[PDB]
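Just one chain is shown here, as structure tokens, and it is the form deposited in one PDB entry.
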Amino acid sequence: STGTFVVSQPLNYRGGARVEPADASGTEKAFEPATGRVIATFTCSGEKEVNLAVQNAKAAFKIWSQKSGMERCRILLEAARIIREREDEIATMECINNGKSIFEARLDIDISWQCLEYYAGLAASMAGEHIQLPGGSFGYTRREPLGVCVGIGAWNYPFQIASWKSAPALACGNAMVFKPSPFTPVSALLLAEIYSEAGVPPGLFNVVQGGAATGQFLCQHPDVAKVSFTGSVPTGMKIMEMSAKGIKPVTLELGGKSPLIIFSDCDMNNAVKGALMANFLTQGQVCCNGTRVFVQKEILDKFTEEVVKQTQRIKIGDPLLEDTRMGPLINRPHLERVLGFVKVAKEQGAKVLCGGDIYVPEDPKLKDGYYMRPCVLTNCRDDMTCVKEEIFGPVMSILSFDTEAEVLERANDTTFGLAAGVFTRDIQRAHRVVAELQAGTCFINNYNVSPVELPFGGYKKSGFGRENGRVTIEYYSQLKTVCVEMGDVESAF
């Protein structure tokens, strides 16, 4: 089914229906990265269209916020059921536009409906407090929604980010206007269609397409109560600056340069597999990837030789093939960026052990796709450009270390702080290393296995706020303190 699809319907979603935008802020083209074709050339939403989206979602927020948590729970569970029933239709579209393998996309759709189910349950038990106060009086808190929340999505995990941002928002009683990445506009509309079929009020989850301008219109609309952003550090900085004009709360996911520390007492088989899962999923375009692979000197050769052997066995090809594990990168400009990082690595003294070059698949229909082979680098130094900056491609930087105290200083020597990983069997070293890692999510003896039940978010310049877990409720709801006087007012005058 690759090289076969092109968008038929309009790409914005309002009033529980698909719509072309009212006014424009540009025209982008979305590609099929496996082939290079243009699946879509569409219009970026202008100010009047963005205003329609927020306003139409504000009317839906009025309806949605009146239901109890259990009542909202019922509807989000139905949306989760429709996602399970349309998983293969959703996943296939996600692959066509994003480029990741069908194998991973099915797992992405799994994490998407599990997020909806998890937050549906959380909605049913959402609560404030009740506190006995002196003199018979008491106080209580109403956990209330915020209003119209804005979600600005990213292209690497398009449908999952739409599900990870909308699920806690709508479960807390909010509506959402979601702006997908211009690279991946298609899949978010399927989630918007699924929410309406599940029975949400029309407008509760609206989709506006666009780029930087559209997102700026969304972050500055006076009726947007909260902004959830996933993207780069420079852009996240801009998102917070725009929200300052309206006193809007912000949560952020800004990528990372997460460390993966492999000690010599580790299970080698798990450490090799873990390093691959920490670097080459979704073409290496994963924010929380363990891209600084620290290997203790005693196991560097055995680890490196095994990692290179398994990396070279990654099947590259048609994303819709069952055995494919790496498809094309998102688009050519990002492929050249990743290839540029590799060229500088060789100039700075790093040794390319495999991959890092253009890949031409056997299938002629994939000739113009944006393919490259996964790359493993060794002889890396903390001062290398490929070691400091997020590459967002399949580029594993292997660095040697000697002592635990040394590697912790190097692991924390970053402005990033999204994720981290340690491979070791010593119980005390495992819990100690993780406690010192300045990162939001830390993996012991695995990687990229973030569950839906626990918070995911950044430390330092990787952002603040969380997705998944219970604490995300605090970012999509707010507590109103209500004091109930049970006696008379004792005046001071």
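Residues carry their position along the shown sequence, with the first being 1. By rigid core we mean the largest C-alpha set that fits within 1.5 Å across both forms.
Keep in mind that the form deposited in another entry is missing from the display, and what follows is about it.
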Which of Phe263, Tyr371, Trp113, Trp155 is displaced between the shown form and the other one by 2 angstroms or more at its C-alpha, rigid core aligned: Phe263
Yes/no, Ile299 Cα shift of 2 Å or more between the shown form and the other one with rigid core fixed: yes
Exceeds or equals 2 Å, Cα of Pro10 between the shown form and the other one, core fit: no
Core-superposed comparison between the shown form and the other one, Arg81 Cα displacement 2 Å or beyond: no
Direction of Cα pair change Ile111-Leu454 in the other form, magnitude 3 angstroms or more: closer
In the other form, whether the C-alpha atoms of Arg466 and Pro202 sit closer or farther than here (change of 3 Å or more): farther
